[PDB]
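Visitor: Okay, here's the structure, questions in a sec.
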RNA sequence: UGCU
Ligand SMILES: *[C@@]1(O)[C@@H](COP(=O)(O)OP(=O)(O)OP(=O)(O)O)O[C@@H](n2cnc3c(=O)[nH]c(N)nc32)[C@@H]1O
Ligand SMILES: [Mg+2]
Ligand SMILES: [Zn+2]
Ligand SMILES: [Zn+2]
Ligand SMILES: [Zn+2]
Ligand SMILES: [Zn+2]
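Chains as they are written, first to last, in the deposited numbering: chain A, 250 to 298; chain V, 6 to 60; chain B, 18 to 294, 303 to 836, 847 to 1132; chain L, 13 to 58; chain C, 100 to 149; chain J, 1 to 65.
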């Protein structure tokens, strides 16, 4: 019940559209949430060190 | 090339809202169907720039 | 001895429309906002300074908006027309300039003209280029003279700011609570803060609730805290009635239970009950003085007015606790309409405050630590902040004002260019504050307060029924006044000061309270004299004619309203059973000696508000005038709106019929304006041979719809023929359709952009790829010209390119990939014009105008100006169409079975009037509550030799024998709608799918398939077609084969299970792709579905 | 190849090449339309 | 300014005084037309200032 | 936009009488007697000529020219 | 935003 590992799903659940008209792409919210989680883990590790 | 006749006359001809890369000699369907997004799917994909995604 | 009636009384409406009416409201509001309100906002925020480095300041002197200009040229301004802005997809705005003075290094430096932003200029405004122009100049500028205007043009799209309808502020509302507790509420809103405070009787005692208090406290404690500590004085202020004391006794007992008897103790208790944002006593006093009841002012911590206000509120609550005299929210007398001017003023104030804060922050960051070089604001004065803010707020339509905590959506909408009537009706729409929150049916219902203000019948049919409304033909919206002379006259008329006497006088039956914009103005006796004198003074002119005065006897309150947004309507003053306006005055107005302003000044016509007409008596006609009459109705047909004004004889039809007729006229097909050829929109519908109606209304003549009609008059015969008109359908004539009847033109726009990226590279148009075998362009590039752009005059087929665009992939040699603009269309289209423009960003905008000439066929929808919408069922030839003695064959044959259930006698009256008019060479009038009578048209018919009932002897065309019953022939004004079967036809093959879920797309434009919703699944289940349901929902929609491991129950790939690192127990299985996605999402959510497979046997 | 266009207000035949600022002589209007084609087009009277 | 399709429809609605008995029906196709079953009417109008 | 050549119901040639009707309007003839003198007995052609709006000149005022 |  207490989680220590998060299961990032495949790319089929996280569709990415390459918008060549600008310098950016359309990404779902799950990718951003996982990126924020990884950033927070790195920040916690840095603070611990 | 065509898997049946080996010809390189592969043309992308949409037949009634159906994208299809088909040989122009024998009509052998090489590939068919394309995966697009849908509008609600398009709306829920958020715009993130390379300035943040690249690093 | 009948009362004389002025026949020319209707001439007062055109004179009123000459200066006010439909579109003048937004024009005047925008003019006021850009002339006075912007200057007031600039004066309020004239001085801005930073805390660090004192003696530094930035002082604003005067702000200008200037004339509309375009920043296309290289640092050069140039006048630009609205049509040019629409063509170039830019904004029609003017450069905002200001003169300022600042101190760079303690030396005062002034600037006489400095741009700070760009304000989108409304069309036909004071500073617009269209105003004060003749039709010749409109033609020179490529603009329609009949265009209503009043809308903004941003990035080429036309947006209209709808009128918002909200509740009146600073007003006590007594209503039942959630559980059913009759309480009161008051939302005090000042220029800075807006606080809603309530009072409940949940436990027989009055508890006051505010957002800044931890728990609701008794009202007696607040009384003791606000200065008045004597329980006797509190009771006298509440009321002297036996039931009032009996109801207030519990509150006194609860207060006496505690040890709160002084102002200090009450303030200490309040401070203890105050939430975090003697110090507690000071905070409690500050909240009581400023936060609670902000609209009630205190001179210097003198809570006498606030005490009287809360006492009157408690008295009203006590009175309502008995007889169920609960006030209703749907009463429009307590509604306020915020035009675009107020919204733009608030937005500009917020943006200016944000700009001032940003400038102060930049100064605080730059001045102290930059260098000895003295810093000045000019180097950081952002000139794009206000421009971008205005553009976003007008385009996106979402307004987020943090200073006021206002988050509104749908403020601006795309102006519907379906027809001139559509645009004119959409310009005068009103949106509500509810915005489809609950199906209350209260505000959605038609209230009697909408008399003469809003159109009762005009309402969109659908989910927005009752929330979207249109203004009446004759109405006005008031603005804000100074309120100075009003207070002066009230004080001079003997209104006693509320602070001079105690609250016991409020309980007397003859003492009437007087309120001013929610604030207690005082008390008065014999309010009849006060009201009469105030009305006489307003008629004389010393008081603004828009200041409303109303009297409610149930509460004994006289309200004096002077705030803006109130709805008013002109009425003729009636004195002693005779109106002030006479035939001599009407003749003078017709000859031009006087005008509507002269009528207003001579105490002949006056503006009445909803609250004022609630007490005043009005007469519909002269014969209805009795002894107890104060005003006379100008015209009854003005009750209907613009869209409803097109209905001929609407008082002979049903209300849903009129609603459907307005809804379909909002989509009717016809000409837009005299510049419709030069106009290039994403979708336009035009009619080949439009004809003005034979039965035209006075509203039609006023709105000049006859100059831009949206339909044709056809000889319609009401009968049943061939059984192809069973349910609302109609039969068209093949010969009539061949001779040009109903011919329509569909104009579509295809836009392409060739922009330059960051790198020194640009998108380029490649020439036509000529085939070396035949030395001619290929079938796809056949319509392209030498420059790769399709030339006008040719026909475009399906899957053909219009612009052979190629763009680089780098952003060493550039690598261009082709992205041509292919034409997706079932039918062919002809290119009319190809416009090429260049923006300031070196971007080439190419717009090709595609045209499609379509003929009425089976499936096309048609309307008959009476809500009798129908679909073309069959097209029989002329020889099959019946013929009369004269040889006239009907173009349209409608079903007579639709008349009994719908009671559309107005359609028959319109047909008879049109027949009489086409016979006698006249135009009959179908004015509401009037118009040409049936006797006149019957006399015309009998004089011209036709039957006096429309029915004529007709011979069958098929069998050649006469019919046993006469057919009802006559000209009816039929209008074609934009709903075309060619556009609504859809057929989906396998086609593409969605990336996330492998299922067909949604919309038809993106090649989407139909959806077998939950109801369809339920129907299939009820039928029991298990195999059919399976084939529909699994095989033909999201069929897929996955690999599942029989050991762990997880999903594998390519016959391999990575979990067990084995492939012996892995087997294939059919499963919907949606189900597989659900399983994957559950596995991600840690809810692991373990599938235990087994043999099908 | 001489590419010809028409001004929005002058209605004069102006010749410009590729990658040029869209402008018309003796004026400053920036709306340039393309002349109608010279190819034969067949229409039906139906 | 009049649309090409509207102009063609108006021209088609214009009657011709030619005797139909002296002509025949055009066969399926044959857009070029033959002398027996076709009639050509030229219309060239160039408007200019007086 | 422009007066149709043929009448929707019957099909009598009516486009050639538009200028004659305009001339009658410029004269003292009313709508009724002008339509009677033009030879329109049946009411369909009377409606066609009377309910028609002249917008061709309004569009030509905006034409490139 | 429109349509039944
Ligand atoms: C309309 O004025 C507003 C109102 O739309 P909402 O229903 O508030 O949009 P929503 O709440 O977000 O609905 P949903 O959750 O289903 O997506 O919005 C514009 N508008 C909304 N929906 C449409 C639409 O489907 N088609 C068009 N043309 N406009 C729409 C309207 O301006
Ligand atoms: Mg229906
Ligand atoms: Zn092949
Ligand atoms: Zn396994
Ligand atoms: Zn020019
Ligand atoms: Zn006719």
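For every residue, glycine included, the Cβ atom is placed at its ideal position computed from N, Cα and C.
Once DSSP output is grouped into helix, strand and coil, what is the label at residue 737 of chain B?
Guide: Correct three-state label for residue 737 of chain B: strand.
Visitor: Could you please go through the chain and list the residues whose beta-carbon is closer than 5 angstroms to any non-hydrogen atom of ligand 8?
Guide: Absence of ligand 8 is noted for the structure shown, with ligand 1, ligand 2, ligand 3, ligand 4, ligand 5 and ligand 6 being the only ligands found.
Visitor: Please list, in chain order, the chain A residues whose beta carbon lies closer than 9 angstroms to that of residue 1116 of chain B.
Guide: 258, 262, listed in chain order.
Visitor: So, at 7 angstroms on beta carbons, what are the nonlocal neighbours of residue 125 of chain B in its own chain, with the 5 sequence-adjacent residues on each side left out?
Guide: Correct list, in chain order: 118.
Visitor: What ranges does the alpha helix (DSSP H) occupy inside the region 35-61 of chain B, keeping only unbroken runs of at least 4 residues that lie completely in it?
Guide: Taking only runs of at least 4 residues, the alpha helix (DSSP H) segments lying wholly in the region 35-61 of chain B are 41-49, 55-61.
Visitor: Would residue 1013 of chain B and residue 692 of chain B qualify as a contact pair, given that the criterion is a beta-carbon distance under 9 angstroms?
Guide: In contact: residue 1013 of chain B and residue 692 of chain B (Cβ atoms closer than 9 angstroms).
Visitor: Strictly below 8 angstroms CB to CB, what residues from chain J border residue 764 of chain B?
Guide: Within chain J, the residues near residue 764 of chain B are 4, 6, 7, 8, 11.
Visitor: For residue 389 of chain B, which three-state DSSP category applies?
Guide: Residue 389 of chain B: helix per DSSP, three-state reduction.
Visitor: Alpha carbon to alpha carbon, what distance is there between residue 503 of chain B and residue 585 of chain B?
Guide: Distance between the alpha carbons of residue 585 of chain B and residue 503 of chain B: 14 angstroms.
Visitor: Could you tell me which residues DSSP pairs with residue 775 of chain B in its beta bridges?
Guide: Per DSSP, B:883.
Visitor: For the 8 angstroms Cβ check, are there 3 or more pairs between the region 931-946 of chain B and the region 777-788 of chain B?
Guide: No: the two stretches stay apart, fewer than three of their Cβ pairs being nearer than 8 angstroms.
Visitor: Listed from N- to C-terminal order along the chain, which residues in the region 36-60 of chain V have their beta-carbon within a distance smaller than 8 angstroms of any beta-carbon of chain B?
Guide: For the region 36-60 of chain V, which is checked against every Cβ of chain B, the residues closer than 8 angstroms are 37, 38, 39, 40, 41, 42, 43, 44, 45, 46.
Visitor: Name the DSSP beta bridge partners of residue 864 of chain B, please?
Guide: Paired residue(s): B:821.
Visitor: CB-CB under 8 angstroms to residue 1068 of chain B, same chain, minus the five flanking residues each way: which ones, in chain order?
Guide: The residues are 1047, 1052, 1107.
Visitor: Any chance the CB of residue 668 of chain B is under 8 angstroms from a heavy atom of ligand 6?
Guide: Flag unset: Cβ of residue 668 of chain B not near ligand 6.
Visitor: Give me every residue whose Cβ sits closer than 6 angstroms to any heavy atom of ligand 4, in chain order.
Guide: Listed by chain position, these are B:1080, B:1082, B:1083, B:1085, B:1092, B:1094, B:1095.
Visitor: Classify residue 92 of chain B as helix, strand or coil using the three-state DSSP reduction.
Guide: Here residue 92 of chain B sits in coil by DSSP.
Visitor: Is the separation between the beta-carbon of residue 851 of chain B and that of residue 822 of chain B shorter than 9 angstroms?
Guide: The answer is no: Cβ separation not under 9 angstroms.
Visitor: When the Cα atoms are used, what is the spatial distance from residue 190 of chain B to residue 139 of chain B?
Guide: Each residue's Cα considered, the two are about 37 angstroms apart.
Visitor: Compare the C-alpha of residue 808 of chain B against each of B:828, B:800, B:202, B:796 and name the closest.
Guide: Nearest C-alpha to residue 808 of chain B: B:828.
Visitor: Would residue 665 of chain B pass as a contact of residue 483 of chain B if the rule is Cβ separation under 9 angstroms?
Guide: Their beta carbons are under 9 angstroms apart, which means residue 665 of chain B touches residue 483 of chain B by this criterion.
Visitor: Would you kindly work out how many angstroms separate the C-alpha atoms of residue 986 of chain B and residue 660 of chain B, rounded to a whole number?
Guide: Their backbone Cα atoms lie some 34 angstroms apart in a straight line.
Visitor: I'd like to check one pair, residue 291 of chain B with residue 312 of chain B: are the Cβ atoms closer than 9 angstroms?
Guide: Against a cut-off of 9 angstroms, the Cβ pair of residue 291 of chain B and residue 312 of chain B comes out as a contact.
Visitor: Following a CB-centred definition, is residue 434 of chain B positioned closer than 8 angstroms to any heavy atom of ligand 1?
Guide: Yes; taking the cut-off as 8 angstroms, the Cβ of residue 434 of chain B has a heavy atom of ligand 1 nearer than that.
Visitor: Kindly indicate which three-state DSSP category residue 112 of chain C falls into: helix, strand or coil?
Guide: In the structure shown, residue 112 of chain C sits in coil (DSSP, three-state: anything other than H, G, I, E or B).
Visitor: Got a sec? Which residues, its chain only, sit under 6 angstroms from residue 810 of chain B by beta carbon, not counting five neighbours each side?
Guide: Closer than 6 angstroms at Cβ, skipping near neighbours: 816.
Visitor: Hey, is residue 716 of chain B's beta-carbon within less than 9 angstroms of any beta-carbon in chain J?
Guide: At least one chain J Cβ lies under 9 angstroms of residue 716 of chain B.
Visitor: Taking the CB atoms as reference points, tell me whether residue 642 of chain B and residue 655 of chain B lie closer together than 9 angstroms.
Guide: In contact: residue 642 of chain B and residue 655 of chain B (Cβ atoms closer than 9 angstroms).
Visitor: Pull up the DSSP beta-bridge partners for residue 431 of chain B, would you.
Guide: Beta-bridge pairing links residue 431 of chain B to B:426.
Visitor: For the region 868-879 of chain B, which residues have a beta carbon sitting closer than 8 angstroms to at least one beta carbon of chain L?
Guide: Those residues of the region 868-879 of chain B that come within reach of chain L (Cβ to Cβ, closer than 8 angstroms) are 868, 869, 870, 871, 872, 873, 879.
Visitor: Please state the DSSP three-state secondary structure of residue 810 of chain B.
Guide: DSSP places residue 810 of chain B in coil when its eight states are reduced to three.
Visitor: Would you call the region 426-442 of chain B and the region 367-382 of chain B touching, i.e. three or more CB-CB distances under 8 angstroms?
Guide: Yes: at least three Cβ pairs fall under 8 angstroms.
Visitor: Measure from the C-beta of residue 209 of chain B to each C-beta in chain J and report whether the shortest distance is under 9 angstroms.
Guide: For residue 209 of chain B, the answer is no, since every Cβ of chain J falls outside 9 angstroms of its Cβ.
Visitor: Which residues, in chain order, sit with a beta-carbon under 5 angstroms away from any heavy atom of ligand 6?
Guide: The set, ordered by position in the chain, is J:7, J:10, J:12, J:44, J:45.
Visitor: I want to check one thing, is the minimum distance from the CB of residue 461 of chain B to the heavy atoms of ligand 1 below 8 angstroms?
Guide: It does: the Cβ of residue 461 of chain B is within 8 angstroms (strictly closer) of some heavy atom of ligand 1.
Visitor: Mind checking whether the beta-carbon of residue 438 of chain B lies closer than 8 angstroms to any heavy atom of ligand 1?
Guide: Indeed, a heavy atom of ligand 1 lies less than 8 angstroms from the Cβ.
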